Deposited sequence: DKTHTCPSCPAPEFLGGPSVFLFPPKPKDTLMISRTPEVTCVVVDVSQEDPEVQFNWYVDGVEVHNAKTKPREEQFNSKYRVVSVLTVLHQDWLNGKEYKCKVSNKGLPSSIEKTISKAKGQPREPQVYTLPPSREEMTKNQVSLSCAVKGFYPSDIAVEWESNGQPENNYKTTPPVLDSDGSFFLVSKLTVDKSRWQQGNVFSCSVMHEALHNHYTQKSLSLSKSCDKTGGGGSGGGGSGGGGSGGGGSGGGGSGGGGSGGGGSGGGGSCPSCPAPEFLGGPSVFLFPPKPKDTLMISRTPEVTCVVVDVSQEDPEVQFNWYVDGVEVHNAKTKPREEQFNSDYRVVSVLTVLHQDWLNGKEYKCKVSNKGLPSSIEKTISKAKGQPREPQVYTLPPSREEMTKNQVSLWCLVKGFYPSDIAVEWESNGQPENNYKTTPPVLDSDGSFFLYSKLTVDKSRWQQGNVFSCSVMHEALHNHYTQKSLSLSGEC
């Protein structure tokens, strides 16, 4: 069955007026018995004939991909015009049309702050320089570093993360040799976002069909031995005409019988979802046992098996470092406290915040981000009133991860 994806321009092409933003239309799983693939393109419903259609690519499975690319105008894309790819191919019945546009809503301007390395990181050979960007909308953004006119390429940026006020934040982490930091070198975080002046700013930093899903347990369940980690097998789009749905569960190939199936849950389209939940022992999950859910139903041809397990590889202990606000943030009502956690494997982690023995719930965390050494890092951002920060109140970042002692650490952060 041939499918259609439509991808938006890359953010930095849409933000720099000298580059050529393009939307790409991609047809996957084109059988060899049947191209040709016809592309029609619409801008706000007006055909446009300029699109360029590449020759068909081989996939790893002997069916073809066909990509059509439409360059779009810096203004039109930012002014939120709609690009419609229609795809006509015999052995598709009819036509698949996808529409894309930029996200709607008043743009918001990012606040960009650079944050130095934590004193605790000043014993390593390398040190981490941060660029918090927050308060931006929409989420399209490109971040880059430089020093002294030269690209600094040793950086990883988190994807944008929705915050409580409907705006996004991310953090960018540039890794440098400490001597360079310690010698005075000047480092700049280059942000491009539509709602900046000239879409550009720079801040400097220098020494002061029924389908099956199988979900893994929640990380915090897997890391505190007093909770009950569980795998979840979900059958989706079950026809009213055909349950019953039977579940079979295997732990490294041995059937177990301790799974609890729920009653069918109504979906938004009048087919059903069935969920079976299998508790797992803390020591089995961390030790790498494989959980197989087999699903059987008459709306299927025979069976669907999914296998999940914990990611394989030598666990790596995280380094947890708290960062106080940027000085430039101190002119706000509310201020950002940072927990950088880095150098952890596998990616399964939980972060939380507390002060004075009470949970602080006004925080978002980034997803784990793959670093270049194969470890993961993220940041967590707690936003507190500034009076609390300047009164000297003490904040703790709690980090749960298999490779810590007891699977837990806390770092404090208070006014210097």
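Not built in the structure, per the record, are deposited positions 1 to 16, 225 to 281, 490 to 492.
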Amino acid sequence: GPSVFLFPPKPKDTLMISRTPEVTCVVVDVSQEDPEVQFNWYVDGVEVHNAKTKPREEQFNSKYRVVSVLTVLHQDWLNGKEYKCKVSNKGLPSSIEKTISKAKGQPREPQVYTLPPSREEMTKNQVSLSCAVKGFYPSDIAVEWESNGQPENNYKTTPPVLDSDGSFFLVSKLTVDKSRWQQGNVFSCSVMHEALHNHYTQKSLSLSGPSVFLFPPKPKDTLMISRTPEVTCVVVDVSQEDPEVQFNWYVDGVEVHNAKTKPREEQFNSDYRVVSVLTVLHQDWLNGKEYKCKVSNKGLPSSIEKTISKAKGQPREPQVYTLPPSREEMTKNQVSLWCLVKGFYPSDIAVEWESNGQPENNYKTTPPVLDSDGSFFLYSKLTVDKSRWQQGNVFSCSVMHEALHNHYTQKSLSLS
From here on, numbers count along this sequence of modelled residues.
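Higher mean CA temperature factor between 378 to 386 and 40 to 48: 40 to 48, per the PDB entry. Of the two segments, 246 to 254 and 179 to 187, the one listed with the higher mean B-factor is 246 to 254 (C-alpha atoms only). The maximum CA B-factor among the listed residues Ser347, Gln32, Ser372, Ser355, taken from the PDB record, is found at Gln32. For the set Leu214, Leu286, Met330, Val133, the PDB entry puts the maximum C-alpha B factor at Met330. Looking at the C-alpha B-factors along this chain, the one for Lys124 belongs to the highest third. Ranked within its chain, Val171 lands in the lowest third, by CA B factor from the PDB record.
When all modelled residues of the chain are sorted by CA temperature factor, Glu305 is found within the highest third. Ranked by C-alpha B-factor against the other modelled residues of its chain, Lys203 falls in the lowest third. When the modelled residues of the chain are ordered by their C-alpha B factor, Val28 lands in the highest third.
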